[PDB]
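Structure record follows, encoded as structure tokens.
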Amino acid sequence: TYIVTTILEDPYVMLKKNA
Amino acid sequence: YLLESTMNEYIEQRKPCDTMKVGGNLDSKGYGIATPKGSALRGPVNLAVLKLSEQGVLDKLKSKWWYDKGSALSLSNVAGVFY
Amino acid sequence: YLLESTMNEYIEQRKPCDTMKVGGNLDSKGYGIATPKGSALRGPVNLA
Amino acid sequence: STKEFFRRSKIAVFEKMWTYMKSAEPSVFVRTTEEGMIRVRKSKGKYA
């Protein structure tokens with residue numbers, strides 16, 4: 001398993017409510 | 001704020017939607033899946049994106065994540081004659 | 001008149017400036033330098 | 001069946017209607033048809 005690097009940006013990547 | 005049209009449209013639809021996109025687009029471009037130069041994932045990722053695009057998956061994801069977000073005169077405007 | 005944005009812009013910038021572009025662009029494309037299929041000038045023209 | 005039809009719908013209009021109904025306050029839903037009938041009759045044309 002390798003790392004898919006990403007960024008926090010709506011609506012692309014969000015932390016779920018109660019992450 | 002000068003930002004990408006995609007984020008702009010998304011925000012302009014979100015509550016309290018007190019923002020608005022003004023004018024057209026200053027240019028045209030696109031987002032691509034990146035890989036380190038010389039990667040072994042370069043070809044499979046390209047073909048995966050082509051498959052996702054030709055199968056309507058990207059349009060559906062876009063539509064799901066963007067579109068689905070969605071009297072009497074008072075004393076204030078006649079106070080002059082009262083003054 | 002439905003025409004290309006570049007020509008529309010150039011015209012709207014010149015007298016008799018009584019014409020104007022309305023709205024955004026219906027699509028996105030570009031001009032290219034063409035050559036006959038199988039021409040050997042294709043590569044050099046692209047690099048140029 | 002009507003609530004379940006709206007919940008598992010995939011049509012844009014019906015999905016929009018479901019998203020509104022699920023997050024509407026006070027609860028738009030009712031417990032019986034008579035309840036909805038009286039709600040429309042006593043909402044003075046503000047309940048569909």
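Chain lettering (A, B, ...) mirrors the order of the structure tokens, residue numbering begins at 1 for each chain separately, and ligand numbering begins at 1 in order of display.
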Taking only C-alpha atoms into account, report as a PyMOL selection string which residues of chain B lie within 8 Å of chain A.
chain B and resi 7+10+65-66
Could you please tell me, as an MDAnalysis selection string, which residues of chain B have an atom within 10 Å of chain D when using only C-alpha atoms?
chainID B and resid 63:64 67:70
Same residues, C-alpha atoms, output as a short mmCIF file (atom, residue, chain, number, x, y, z; two decimals), in the first residue's frame:
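Output saved as selection-v5.cif:
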data_model
loop_
_atom_site.label_atom_id
_atom_site.label_comp_id
_atom_site.auth_asym_id
_atom_site.auth_seq_id
_atom_site.Cartn_x
_atom_site.Cartn_y
_atom_site.Cartn_z
CA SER B 63 -23.25 16.35 -10.44
CA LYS B 64 -23.55 14.59 -7.05
CA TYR B 67 -25.47 20.50 -8.06
CA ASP B 68 -26.94 18.46 -5.16
CA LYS B 69 -25.43 20.94 -2.62
CA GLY B 70 -27.90 23.74 -3.64
#
One decimal, Å: what's the distance from CA of residue 40 (chain D) over to CA of residue 10 (chain D), could you say?
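CA of residue 10 (chain D) lies 27.4 Å from CA of residue 40 (chain D).
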Can you tell me, as a PyMOL selection string, which residues in chain D count as helix (DSSP H, G or I) by DSSP?
chain D and resi 2-7+12-22+33-42
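Residues surrounding residue 20 (chain C) within 12 Å are residues 1, 2, 3, 5, 7, 8, 9, 10, 11, 12, 13, 14, 15, 16, 17 and 23 of chain C [only C-alpha atoms; sequence separation below 3 positions excluded].
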Nearest-residue call for chain B, choices C:4, C:18, C:25, C:39, using only C-alpha atoms:
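Comparing C:4, C:18, C:25, C:39 against chain B, the winner is C:25.
Within 12 Å of chain C, and counting only C-alpha atoms, chain B contributes residues 22, 23, 24, 25, 26, 27, 28 and 29 of chain B.
Put simply, CA of residue 32 (chain B) is 14.3 Å away from CA of residue 4 (chain B).
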